Amino acid sequence: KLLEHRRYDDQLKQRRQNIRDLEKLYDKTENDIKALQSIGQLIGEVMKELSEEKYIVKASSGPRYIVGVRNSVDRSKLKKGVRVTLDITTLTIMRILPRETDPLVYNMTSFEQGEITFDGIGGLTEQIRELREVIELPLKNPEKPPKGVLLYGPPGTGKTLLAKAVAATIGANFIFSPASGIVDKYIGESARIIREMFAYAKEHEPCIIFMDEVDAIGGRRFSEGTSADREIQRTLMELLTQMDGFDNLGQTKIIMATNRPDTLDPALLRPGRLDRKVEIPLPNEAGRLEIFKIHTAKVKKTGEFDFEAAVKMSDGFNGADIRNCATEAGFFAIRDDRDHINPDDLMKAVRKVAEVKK
Amino acid sequence: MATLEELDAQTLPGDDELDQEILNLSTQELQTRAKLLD
């Protein structure tokens with residue numbers, strides 16, 4: 001007879017609980033429903049203030065317009081270069097705004113510091129120190145700051161990684177720059193790109209600026225004729241303008257990247273633009289063995305796995321080539337069923353690594 | 001020993017109200033859901 005309390009409370013409990021489960025979604029959706037009335041409002045920076053109301057504002061979408069204030073507007077606060085919300089029809093301020101632009105992680109590439117520190121790629125240690133002192137420290141010791149630093153040699157040896165490892169050590173925001181996107185086509189977009197790269201960083205400083213392998217947007221060009229090269233020269237110069245120009249690296253620093261240095265504008269290499277031309281030689285037999293037991297041995301390996309003799313046969317390799325040595329033996333490892341690499345896996349690779357190139 | 005039965009019984013319609021009334025509250029916006037969407 002007493003089974004009803006359940007059948008009462010069973011319904012009840014769920015039911016009374018099922019109340020707002022359903023009910024929550026309504027208002028939320030309703031907001032979405034409602035917000036469909038909320039309509040978009042144009043944007044622009046104030047070029048200047050003609051009169052208290054009268055403004056010179058280039059539309060963030062397009063050309064200049066004479067406009068007035070609107071409301072909740074501070075004709076005080078309204079000032080040159082100030083992003084404001086603008087009107088579609090009234091064409092006046094629809095709000096006063098903060099501002100920033102560009103795909104920070106895409107067109108700009110925004111990654112904070114770096115993945116592994118300078119040490120993990122150690123064996124470049126010359127640079128490792130040498131760069132840090134000329135990059136990281138000049139911040140923390142007010143007693144020139146450095147203009148620019150240019151990697152060269154084979155990339156990613158730790159080379160490209162250096163940047164991250166570099167980026168890691170400082171605390172600045174590492175900002176990666178690939179080149180051609182800075183002027184694809186896109187029949188323009190030069191400083192606006194780079195200055196956002198400057199200014200965002202200039203505001204977001206400390207920032208690391210790392211410009212990848214810059215021979216498309218860097219370098220002295222060709223006949224120095226016009227392929228749209230005139231785009232490049234500009235772009236080539238836009239940095240020059242920020243560098244040989246008064247723009248400094250306030251807390252934001254610039255890492256230049258090339259795999260070959262001689263591929264760059266001589267004027268670019270100049271101090272006032274570049275104060276460091278960063279070589280990345282191949283690791284020595286020491287440096288290898290150094291990097292060897294670094295990149296390699298941290299992959300699980302036997303002591304059976306042949307440490308130096310590999311290095312003996314390991315010559316003219318880079319940091320990733322060292323990794324290749326590991327990675328290649330790893331083939332034989334998965335071929336020999338090895339989580340721990342065995343010397344068998346190894347020197348087959350080593351020569352095989354020393355095979356294709358030196 | 002039958003009180004709470006009739007007591008938990010008189011809850012159900014008032015209980016049911018909750019869901020039964022929200023089924024109104026459902027359709028109210030469920031429409032507007034479909035409406036401004038579709």
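First residue shown is number 1, and so on along the chain.
This deposition comes from electron microscopy, 4.6 Å.
Cβ atoms here come from the backbone N, Cα and C positions, even for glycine.
Feature annotations, reproduced from Swiss-Prot:
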| type | residues | note |
| --- | --- | --- |
| BINDING | A:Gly153, A:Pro154, A:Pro155, A:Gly156, A:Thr157, A:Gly158, A:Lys159, A:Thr160 | ATP binding site |
Among all the protein chains here, how many other CB atoms are within 10 A of the CB of A:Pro154 (ATP binding site)?
18
So how many other Cβ atoms are close to A:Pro155 (ATP binding site), meaning within 10 Å of its Cβ?
20
Specify the secondary structure state of A:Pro154 (ATP binding site) as given by DSSP, simplified to three classes.
coil
Residues close to ATP site centre defined by A:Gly153, A:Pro154, A:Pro155, A:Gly156, A:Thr157, A:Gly158, A:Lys159, A:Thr160, Cβ within 8 Å:
A:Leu151, A:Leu161, A:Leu162, A:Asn259, A:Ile280, A:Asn318, A:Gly319, A:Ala320
A:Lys159 (ATP binding site) has how many other Cβ neighbours within 10 Å of its own Cβ?
23
Among A:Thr157, A:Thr160, the one of these binding-site residues whose Cβ has the fewest neighbouring Cβ atoms within 10 Å:
A:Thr160
